[PDB]
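In the deposited numbering, the protein residues as written are 1 to 35. Even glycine gets a Cβ: it sits at the ideal position worked out from N, Cα and C. Data block below; observations after.
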Amino acid sequence: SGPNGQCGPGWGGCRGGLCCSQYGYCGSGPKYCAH
Numbered sequence: 001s002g003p004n005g006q007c008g009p010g011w012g013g014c015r016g017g018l019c020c021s022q023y024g025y026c027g028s029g030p031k032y033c034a035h
């Protein structure tokens with residue numbers, strides 16, 4: 001995953017406590033995990 005937390009086709013997914021946001025950026029919270 002890129003240094004900014006980029007997730008998706010070529011960077012990878014997010015960490016266990018992290019989730020792919022609607023902007024392709026890894027983050028925590030229900031607003032990032034509960035997409």
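DSSP state of residue i, grouped into three classes?
i, result
"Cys19", "strand"
Would you kindly work out how many angstroms separate the C-alpha atoms of residue i and residue j, rounded to a whole number?
i, j, result
"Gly12", "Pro30", "20 Å"
"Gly10", "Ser1", "8 Å"
"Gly16", "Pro3", "17 Å"
"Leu18", "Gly5", "9 Å"
"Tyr32", "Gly8", "14 Å"
"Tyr23", "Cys14", "13 Å"
For residue i, list the residues DSSP reports as bridge partners.
i, result
"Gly8", "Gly12"
"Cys26", "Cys20"
Cβ of residue i within 6 Å of any heavy atom in the ligand GDP?
i, result
"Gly5", "The ligand GDP is not part of the structure shown, which contains no ligands of any sort."
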